[PDB]
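First comes the structure, then the notes that go with it.
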Amino acid sequence: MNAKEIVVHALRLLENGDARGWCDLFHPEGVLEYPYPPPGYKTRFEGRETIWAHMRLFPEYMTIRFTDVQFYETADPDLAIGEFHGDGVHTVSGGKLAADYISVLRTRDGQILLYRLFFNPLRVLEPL
Ligand SMILES: C[C@]12CC[C@H](O)C[C@H]1CC[C@@H]1[C@@H]2C[C@@H](O)[C@]2(C)[C@@H](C3=CC(=O)OC3)CC[C@]12O
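PDB author numbering puts the first residue of the sequence shown at 1, with every later residue one more than the last.
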């Protein structure tokens, strides 16, 4: 798949609570980044296993759906840059996360080398 197809397939996996499948999309040496992380969190997760250690916990703590996926037109199909919106619900709290993302994804042969995901960490600290 090209980068834009991988992005949309990745969002679909997360919406279904399938964090294992989402991590499976990364290259073994692939990198997840949160350039604007919530206080305390790392900004960079290197390697598929390190990413999985982090993401495996998500499905139990939160449910999410995405909307408004829009891509800017790049030159190379293995790069996608898109904005979208996520609406998460904390399972225990009932608290809600409403986030506008911008993402940069670099792919190589159907696997993710870089998934750079900008969001406003203030939306995380202020559930609704
Ligand atoms: C930073 C974050 C904040 C909510 C909660 O504390 C869990 C952490 C780790 C997990 C993290 C959320 C923020 C969320 O917006 C994420 C970035 C969200 C993602 C959206 C995305 O495309 O991939 C990941 C799913 C869950 C998420 O990966």
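From the three backbone atoms N, C-alpha and C, an ideal C-beta is built for every residue, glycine too.
Residues that DSSP places opposite residue i in a beta bridge
{"i": "residue 96", "result": "89"}
{"i": "residue 45", "result": "32"}
{"i": "residue 62", "result": "90"}
{"i": "residue 82", "result": "71 and 103"}
Opening and closing residue of the beta strand (DSSP E) in which residue i lies
{"i": "residue 118", "result": "111-118"}
CA-to-CA distance, residue j to residue i, given in whole angstroms
{"i": "residue 85", "j": "residue 59", "result": "18 Å"}
{"i": "residue 94", "j": "residue 63", "result": "10 Å"}
{"i": "residue 7", "j": "residue 38", "result": "23 Å"}
{"i": "residue 20", "j": "residue 75", "result": "31 Å"}
{"i": "residue 1", "j": "residue 122", "result": "34 Å"}
{"i": "residue 107", "j": "residue 79", "result": "6 Å"}
{"i": "residue 89", "j": "residue 18", "result": "16 Å"}
{"i": "residue 49", "j": "residue 114", "result": "14 Å"}
{"i": "residue 31", "j": "residue 22", "result": "13 Å"}
{"i": "residue 69", "j": "residue 82", "result": "7 Å"}
{"i": "residue 43", "j": "residue 102", "result": "15 Å"}
Bounding residues of the alpha helix (DSSP H) (the contiguous stretch that carries residue i)
{"i": "residue 12", "result": "3-15"}
{"i": "residue 122", "result": "121-125"}
{"i": "residue 20", "result": "19-24"}
Please enumerate, following chain order, all residues with a beta carbon closer than 7 Å to at least one heavy atom belonging to ligand 1. 10, 11, 14, 34, 37, 38, 41, 54, 55, 58, 61, 62, 64, 86, 88, 97, 99, 101, 103, 117, 119 and 124
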